[PDB]
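Just the one chain here, laid out as structure tokens, in the form deposited in one PDB entry.
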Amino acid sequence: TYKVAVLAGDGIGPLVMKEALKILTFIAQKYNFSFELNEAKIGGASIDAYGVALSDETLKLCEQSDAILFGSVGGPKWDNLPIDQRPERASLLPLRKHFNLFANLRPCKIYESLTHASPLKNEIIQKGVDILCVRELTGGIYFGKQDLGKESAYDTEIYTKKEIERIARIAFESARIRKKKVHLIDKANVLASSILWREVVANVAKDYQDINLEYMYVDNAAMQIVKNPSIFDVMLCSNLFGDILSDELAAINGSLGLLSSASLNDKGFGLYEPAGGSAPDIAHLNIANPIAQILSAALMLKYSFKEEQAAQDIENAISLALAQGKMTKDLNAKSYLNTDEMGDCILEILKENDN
């Protein structure tokens, strides 16, 4: 059994989660493995029931699971609580800390059928953009010693070998099952901490002689994402640099509703969620794009459960659905499918290819 804590949350979360569960249920059937999918409240849902955004019983469920499939949290009903009790701050941050989720993986794949929605000219991306941004979450400038004075202020970009090594291993493991290339993004021509990155990564790379390792400065990487992004496979970044480039990658993608995120530790545990936010203003309708949630469930199969073919099947189903013109309102305003119709479309493609 693969034990999944399903925390769908608020607003569109339960509605899009229903579609991901539909797809995973089929996948477990096809591959003859079992899911235990324990749904539990998180966020606003949990504040209503239990008075807090993350209950002890829900935390313990997560500890007993192999991964967390997370929806979205937050909405107007709870916007008036004390800041520290509000759904998002009180759910995701403590989970990341509890489970030492030090690595964020955000794919940037541009689907041939949605090339028009990228802000980049079609000729720039025509070879195919398929990138994975791997960002360290625990180290560097966001956590180093800092001081605000009246006349002077500083912050400290500090990293350890332990921090670099564990994120580097995540990146190479990804590259192994993608296109076998890692670009280490740094500023080694001036930063001592970037020099340490290169030393540690080059040493980790000895275990991964099948992977092509390249180094690129963060300023050149900001250029290349605009000028020639098809070269990238895995992009390994520090916390600060990843925070910047992951947004740039989102921007070149063009289809925000398809973007997913995995926050992983070093033991195969992850929290998998759509990149986008709540969408309270469409929560009562049946139009939200479920593809990001479904793609989060694929990432969970690939990275927490090592069910690579199952993941691939889901991804190929989405590619084919989009290639057939089957899309939600955010992707095609003139001709679209409702959330449940989109889920069913994907399911049917999975069944059509199950021979």
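Numbering starts at 1 and runs along the sequence shown. Rigid core here is just the name for the largest C-alpha set that superposes within 1.5 Å across the two forms.
Below: the form deposited in another entry, not depicted.
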Taking the rigid core as reference, does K109 move its C-alpha 2 Å or further between the shown form and the other one?
no
Please determine whether the C-alpha atom of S194 is displaced by 2 Å or more between the shown form and the other one following superposition on the rigid core.
yes
Look at the CA atoms of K179 and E308: state whether they lie closer or farther apart in that other deposited form than in this form, given a difference of 3 Å or more.
farther
Look at the CA atoms of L93 and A153: state whether they lie closer or farther apart in that other deposited form than in this form, given a difference of 3 Å or more.
closer
